[PDB]
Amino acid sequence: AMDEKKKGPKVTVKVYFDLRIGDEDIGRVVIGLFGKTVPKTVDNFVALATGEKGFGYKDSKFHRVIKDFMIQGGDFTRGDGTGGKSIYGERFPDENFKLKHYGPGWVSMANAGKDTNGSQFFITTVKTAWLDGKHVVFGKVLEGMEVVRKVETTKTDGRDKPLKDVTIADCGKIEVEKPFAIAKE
């Protein structure tokens, strides 16, 4: 079917992450971001990817990895889930819950309760519908899901911490000339 009525959100800008496990380069993940749907949340993520406020994601780690669930990163101040901050302050409100965690590869803000978005985020590796309405969804992996899967399956300890650090060796913004809708899947 042509699915005119099933068009999802528009990708308005992209972010890339070049990842490492230990000292091994493992490839690039490209995330499409929904700047019409959640502009404030997208703008934060993009600025943290460029580093333009003087802090951000470069060389931070994915400190929590749960196979068949998600990979979590963005704590560039403490690397352990205790830190991070947004470009608006330590915390900012949940912008909206228009988007759901539709399937593998959706990108959503980590939080410690209502209105506690900072810099931490997660990339789902399955549909995580139980987070719908609680975590703000703002992007989807468009390229390099296989690289996400490498992280997903890295050995972890009993605290779900990778045994070897998984780091964002490089990151930045990629402009999108014409925004484009993707499927909610």
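All residue numbers are counted from 1 along the displayed sequence.
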Comparing 100 to 108 with 73 to 81, the one whose average Cα B-factor in the PDB entry is higher: 73 to 81
Residue of maximum C-alpha B factor among 27, 32, 54, 35, per deposited coordinates: 54
Residue with highest C-alpha B-factor in the PDB entry, from 14, 164, 10, 20: 164
Within-chain third of residue 39 by Cα B-factor, per the entry: middle
Residue 169 - which third its CA temperature factor falls in, relative to the rest of the chain: middle
Third assignment of residue 126 from its chain's C-alpha B-factors: highest
Cα B factor band for residue 118 (lowest, middle or highest third within the chain): lowest
Relative C-alpha B-factor of residue 139, binned into the chain's lowest, middle or highest third: lowest
